[PDB]
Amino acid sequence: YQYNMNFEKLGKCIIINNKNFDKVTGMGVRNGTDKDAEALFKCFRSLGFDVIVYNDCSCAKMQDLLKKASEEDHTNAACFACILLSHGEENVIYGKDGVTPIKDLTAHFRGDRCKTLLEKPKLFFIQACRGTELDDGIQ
């Protein structure tokens, strides 16, 4: 009933921290995101993840980053974790040069595309907008 955590490594943790964006995208500087990144870095480190933080990535960079990670050998990892901090919209997330589908970033980890992570948990934490609706709260 519990995932087996008896491996040498807990796993790799990729943190993508996008703060500054290309003028064309029209998105402003995500202030405070560095405080989040550092906080996330210490936490996941404590859990036991081998964390690495990439800054202001382009869509190709984010794409290549996740693709490579999926092609690495995770035979000794209990799991994998990825954290995306950035601007975003319904189903997509911003790279410093535009938008890219969140589906494309995670598909690289489907069981039929990363045998070493089969039956092992794949975690994705996303801090980004998903639309423009507001919640007014109640009572």
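Quick note: we count residues from 1 along the sequence shown, nothing fancier.
The PDB entry records a higher mean C-alpha B factor for 16-24 than for its counterpart among 16-24 and 120-128.
The deposited CA B-factor of residue 101 belongs to the highest third of values across its chain. For residue 93, the recorded CA B-factor ranks within the middle third of the chain. Only modelled residues enter the ranking. Ranked by C-alpha B-factor against the other modelled residues of its chain, residue 59 falls in the highest third. Per-chain ranking of the deposited C-alpha B factor places residue 65 in the middle third.
Among all modelled residues in this chain, the alpha-carbon of residue 30 has a temperature factor (C-alpha) in the highest third.
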